[PDB]
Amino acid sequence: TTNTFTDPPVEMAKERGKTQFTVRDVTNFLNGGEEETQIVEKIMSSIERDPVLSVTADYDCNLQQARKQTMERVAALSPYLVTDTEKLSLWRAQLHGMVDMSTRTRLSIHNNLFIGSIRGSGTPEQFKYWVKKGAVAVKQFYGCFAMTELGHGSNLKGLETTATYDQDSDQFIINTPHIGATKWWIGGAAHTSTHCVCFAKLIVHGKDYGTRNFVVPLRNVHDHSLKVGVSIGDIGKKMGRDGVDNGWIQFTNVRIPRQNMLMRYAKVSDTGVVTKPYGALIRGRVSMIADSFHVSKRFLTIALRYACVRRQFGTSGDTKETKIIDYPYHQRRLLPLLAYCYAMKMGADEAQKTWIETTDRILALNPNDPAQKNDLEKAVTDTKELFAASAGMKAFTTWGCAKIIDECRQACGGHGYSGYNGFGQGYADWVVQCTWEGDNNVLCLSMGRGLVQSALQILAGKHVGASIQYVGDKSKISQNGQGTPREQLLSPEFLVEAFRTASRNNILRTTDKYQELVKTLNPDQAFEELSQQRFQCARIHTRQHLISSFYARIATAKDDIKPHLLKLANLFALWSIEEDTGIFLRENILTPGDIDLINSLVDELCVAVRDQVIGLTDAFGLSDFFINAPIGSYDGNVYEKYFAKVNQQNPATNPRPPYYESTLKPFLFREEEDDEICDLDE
């Protein structure tokens, strides 16, 4: 009646049959309402219809093909640069970034980083000028963002490129003093760009005034050749995003007008330097929280769809083997990952909201206009703390996405290794997402230190950010050895407390260690000695914030969905205990007996979520174009489509390799040279 080949689409039909809610309600919940789900669906249709942007064949492209295709795609996407608002421009990017991270980046380098920066750091006259030149329209103008150097990436303050003021010419002289200063990883430079935003040390009359930005032209627009003193090359093969043309730039005494420097925050005239002694960087990290979500959901959808139809190994005496989604072991490997992926979106969303509700808080206040007082640096402090929290959020969610890609791949067995299922291509581009815009490990160490700082402010009884006030708290919870009951362990209120408690304890323990250390050591030294502890504190503090933010959203959810989201939220919170059993045991928040009960609670919550997976993955609202993997087809018709794919991209008419005559045949049919041995007397 059905065989292995034909069973899958049928089985996928029973599972979509189990769904107890309206999918689109979960889609509106994720995306933040009916209005936005229709916003993202117009975006998605543009992308998927457009023939130029098609991704069917991207997996077989070699490096040359990818670059050219990315360029064509960028040309295709350019009309939306005039149309799109900041929200839409960014949204278009993130959604297109699920299947094509090369084009996203080749376009983002100009319209997000170059433009971002000359709007951000240029005076209104300047921005206006570059626009007249073609900047925004991208006519005869393509930009790029030259910050990083071969020798410096993380340390902006350490950059060695120089910009020296020459009054006799009224120009800047841009110079790379040696090859260590060579600009590096600059997207669009190798082959695309006609201008960059160079980041350079400001030098005037032999003084260093720190790092500034300059608009350096690289190419003569009309034949694309390099300007005098500009050297550029192609960085070449990368681990991923081979469609982006990252190059190196070296400047040998390049002369630009003084005016080319961007002077919103710092000015030069006639040797005079007037600094008049942020949002972009945070609206960039919050953008990546949402990135982790968009990409993750793709690979979970693939893996979980596959699990609903793949059968291997069953013991139940039934005629057909067990669907791997019905193995609790498999549910453990993926369903808490599905829960996590939900909470990234919440987390991303809440960080945008708290960000706007604080930059409004500062601006609605008169800093200059003291009500006889400026006493509200408290609004200012809350902002810095939010900026700390966004750092851990970027790090752990980009790591989490990375970890989800890898688990989902492994969960599809050998078929996870086929290029047509997307796991290979998708992991590499994403790993670049872990390094740029703040090295995840630097970020976490900074945040941890900031957290210690903040607790010393609490210990000194001063105001701190809303987001870390909780370290000043006393716990609702005390474990006397009398282990926690089920109705506690399934409580969001309880669960939120447990994590805040574990996070507070850690921080307070670190903080104590540090003060005690400081007795024999310097402040910078004492942090180095507590760097593991600092990293842990970033970890626990970000997770708890994520747990809370997920519950805080369920409460506002439509009732029909709510019981299901709660099941997802509980799985995420309890699972999180299991990954950190040692932590909760060290504070004696929980007991051994207790964790064997946690064990059973995730089991039990796995079976519940499991029941509704097709629904909770159809919720992401992805067409098969955005899946871009035959084993994750909405259809479930997995083996049929995968074979079709393999045959479409690789026509098998010929049984021999193109190297058959040159290589294979002459090796299989090789003669033997003689084993005869030279004559010798005696």
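Numbering starts at 1 and runs along the sequence shown.
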Residues with no coordinates between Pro277 and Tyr278, taken from the deposited sequence as a class: 4 to 9
Can you let me know which of the two, 616 to 624 or 31 to 39, has the higher average C-alpha B-factor in the entry? 31 to 39
Would you determine, from the values in the PDB entry, which of 220 to 228 and 460 to 468 has the greater average C-alpha temperature factor? 460 to 468
So among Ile302, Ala351, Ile405, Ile540, who wins on Cα B-factor in the entry? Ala351
Scanning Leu363, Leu605, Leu334, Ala146 for peak Cα temperature factor in the entry gives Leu363
Taking the C-alpha B-factors as the PDB entry records them, is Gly448 in the lowest, middle or highest third of its chain? middle
Within this chain, which third does the Cα B-factor at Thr1 fall in: lowest, middle or highest? highest
By the recorded C-alpha temperature factor, relative to the other modelled residues in its chain, which third is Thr105 in? lowest
Hey, what third does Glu671 fall into on Cα B-factor, ranked over its chain? highest
Taking only the Cα B-factors deposited for this chain, tell me whether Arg509 sits in the lowest, middle or highest third. middle
